[PDB]
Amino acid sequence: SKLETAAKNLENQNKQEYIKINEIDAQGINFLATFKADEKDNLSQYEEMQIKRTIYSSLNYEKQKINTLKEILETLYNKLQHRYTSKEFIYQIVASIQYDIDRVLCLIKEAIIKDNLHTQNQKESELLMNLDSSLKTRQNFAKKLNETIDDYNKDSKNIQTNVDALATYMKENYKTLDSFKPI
């Protein structure tokens, strides 16, 4: 059944991410160390994983790219004026992209288990559509995130040289979760 296959493929997809992420991280790259050291907000180990699922998958598990993004975020964080923009990128955009995907699987699982075939069939189309939309969103974010890594390395619009420039760029390309949704 469609919902049963959907859960299965997501389940395996999840597992593969968990292994890959932990690989990369086993090598001492502390991607979110700076956010971990922050006393104002507490990045739990779950929050952290979710964030990485989206980011790492988005950057194809290329340590180099992840490190660049790390520098971007740590530059912004180390400038009090723009700290918030790093946090918003992390907690408001990246994390939401992930949660949506997770929310739907949490709810597709509910239809598989708790609900009988009739209900199951009612809910079916909408959950599938949402699932799709939430994966596509993450793809569009990823596309955008690679364009940003490249832009950074080329110092396009002085984004490597100028934190203020950098801040504006991150603001204008990551305005809202909804902007990454399919049209």
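Residue numbers here begin at 1 and follow the sequence given.
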{"query": "Mean C-alpha B-factor comparison - 92-100 and 79-87, higher one", "finding": "79-87"}
{"query": "Selected stretch [higher average CA B-factor]: 13-21 or 162-170", "finding": "13-21"}
{"query": "Peak C-alpha temperature factor (PDB record), options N60, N116, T148, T137", "finding": "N116"}
{"query": "Residue with maximal Cα B-factor (values as given in the PDB entry) among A33, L43, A142, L131", "finding": "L43"}
{"query": "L73 - which third its CA temperature factor falls in, relative to the rest of the chain", "finding": "lowest"}
{"query": "CA B-factor placement of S1, once the chain's modelled residues are sorted into thirds", "finding": "highest"}
{"query": "CA B-factor placement of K65, once the chain's modelled residues are sorted into thirds", "finding": "middle"}
{"query": "Ranked C-alpha temperature factor of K123 among modelled chain residues, by third", "finding": "highest"}
{"query": "Relative C-alpha B-factor of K52, binned into the chain's lowest, middle or highest third", "finding": "middle"}
